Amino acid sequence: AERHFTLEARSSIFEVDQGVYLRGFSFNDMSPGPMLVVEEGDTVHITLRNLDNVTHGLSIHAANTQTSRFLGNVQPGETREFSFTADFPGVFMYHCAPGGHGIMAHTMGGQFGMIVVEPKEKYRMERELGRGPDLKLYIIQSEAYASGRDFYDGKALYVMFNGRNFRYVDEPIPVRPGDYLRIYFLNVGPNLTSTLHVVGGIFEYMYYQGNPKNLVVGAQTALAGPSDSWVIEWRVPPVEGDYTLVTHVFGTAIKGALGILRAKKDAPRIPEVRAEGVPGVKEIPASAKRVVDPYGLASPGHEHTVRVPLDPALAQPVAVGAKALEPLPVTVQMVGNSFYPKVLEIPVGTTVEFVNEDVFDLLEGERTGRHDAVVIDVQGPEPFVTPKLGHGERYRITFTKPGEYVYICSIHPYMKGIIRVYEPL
């Protein structure tokens, strides 16, 4: 058949926990984005629309043909149409791909999902039992970051199944003892490895990449690096109670990646568990505990604020050898399309040094990791507009008077920071 899907690139807000909101980028106002399911040999038609005010694009791992000419560098308001044949069965990632630096920077902000290509060849348990699964479960594991600095460092704030911390503890997935389950698992990462496990289960058959040829049997874990996938076949044992789904990378399980398969003889067949996030929200309620934003300003502001005391060399003349010591500059890094620290408070007389730690400094716009810092809200006498900095390039500003400045990158306008200059009354 011919199958058609529409993906819409957008800026969004995701509710990842009770009272916890994440700012980022989506397809169709959900993270993970819409789940696409086709059969091996189908023609797949994609319409990609950019509804945002920055450039986006698309990579789709089910296509064994050129994609970036057709689906990259999609400007604000532009549409693309692309078709391909699904020649390889299994479980595939899709994600945003503006091109260059932006492929990595946008993917980590929420722009990812799953496409399943169901094989003509039946999986082994289906063949052996003469019937299809009693239940199919589709799961994405993914990470959320508090800053571009933390993204470079591999320090995830939350890790989750289908876009919400402990989603399937709050709403346990109903199963029955004796059910043939088929699980479709994709770890999008983007940094951390996963080892998927069910407490009370040994997976009978698993298929690396979801291809029926790549058979592994009798496993306690399914090992998956970023963008690795598996199809897993397992019968629920003939005993009632909770069979917990978890990653055995326990420093990530503790951050949200744990759910429950609740086995009861009379359990209802509910709507299909798709690898899709909850719909995004329109605004942040005033009752929020935390707002996470890797690229821009986050709440509460005080947990992202660095207040620097006066350097000992500025408080008075001090020295080591011959002449007086100069004060040390205070660094603000450009890193992972963000400014680190996000909010800096310094005393009059301090020199700030911007430094670009992003590495890919070719191309332009959302395809580049070059950055500048340009004031957009001026409450002081010393507004600033830095040059555009390549990797490892630097720019110094000395602040001599009190004031407060909100600034952005002109190339990537969702990058935002604050400098405040204080003085004794």
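Residue positions are given as counts along the sequence shown, with the first one as 1.
### Message
On mean Cα temperature factor in this entry, is 23-31 or 380-388 the higher one?
### Response
Taking the mean C-alpha B-factor of 23-31 and of 380-388, the larger value falls to 380-388.
### Task
Would you determine, from the values in the PDB entry, which of 5-13 and 398-406 has the greater average C-alpha temperature factor?
Mean B over CA atoms: larger for 398-406.
### Query
Looking at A324, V292, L157, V246, which has the highest CA B-factor as recorded?
Each of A324, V292, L157, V246 was compared by C-alpha B-factor; the highest is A324.
### Query
Per the entry, which of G259, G210, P312, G99 tops the list for Cα B factor?
Largest recorded C-alpha B-factor: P312.
### Query
Should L129 be placed in the lowest, middle or highest third of its chain by the C-alpha B factor in the entry?
For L129, whose C-alpha B-factor we compare with every modelled residue in the chain, the answer is the highest third.
### Message
Taking only the Cα B-factors deposited for this chain, tell me whether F339 sits in the lowest, middle or highest third.
### Response
For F339, whose C-alpha B-factor we compare with every modelled residue in the chain, the answer is the lowest third.
### Query
In terms of the chain's CA B-factor thirds, is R69 lowest, middle or highest?
CA B-factor rank for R69: highest third.
### Task
For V54, return the chain-relative third of its C-alpha B-factor as stated in the PDB record: lowest, middle or highest.
For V54, the deposited C-alpha B-factor lands in the middle third.
### Query
How does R182 rank on Cα B-factor within its chain, lowest, middle or highest third?
It belongs to the middle third of the chain when residues are ordered by C-alpha B-factor.
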